[PDB]
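Undergrad:
Residue numbers (the deposited numbering), protein chains in the order written: chain C, 150 to 199; chain B, 296 to 345.
1. Start and end of the alpha helix (DSSP H) containing residue 337 of chain B?
2. Going by CA-CA distance only, name the one from C:154, C:187, C:196 that's closest to residue 175 of chain C.
3. Given that residue 336 of chain B touches chain C, what residues does it touch there, using C-beta distances under 7 Å?
4. What does a CB cutoff of less than 7 Å around residue 172 of chain C pick up in its chain, not counting 5 residues either side in sequence?
What follows is the structure, given as structure tokens:
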């Protein structure tokens, strides 16, 4: 299970680090220290009829 | 006197299909400049801290 908040994910460090989500068609502000955050999509589907 | 009649009909049908696709659609290409590349601040900070 995921437990409680350990890391501050929103310390912007005074940077204006915009990313355009592309997906979601909006701009989001990343924290100054996150190594990456990206929005390419994957989908997986499996059917088993029997 | 004996009389006898028999009629046995049988069938076995077996039907199958398989279908597979792998289609790839490129929609943009890029080439990075060779020089004066502007590094990201998180990478620059990691290099500086080395």
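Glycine included, every Cβ here is placed at the ideal spot set by N, Cα and C.
TA: For this structure:
1. By 1-based counting over the second chain, the position of residue 337 of chain B is 42. According to the DSSP assignment, residue 337 of chain B belongs to the alpha helix (DSSP H) that extends over 336 to 344.
2. Along the first chain, read from residue 1 onward, the residue named residue 175 of chain C stands at position 26. Here the closest residue by C-alpha is C:187.
3. Within the second chain, the letter at position 41 stands for residue 336 of chain B. Within chain C, the residues near residue 336 of chain B are 164.
4. For the purposes of this step, residue 172 of chain C is taken as residue 23 along the first chain, with counting starting at 1. Within the same chain, residue 172 of chain C has close Cβ partners 188, 190.
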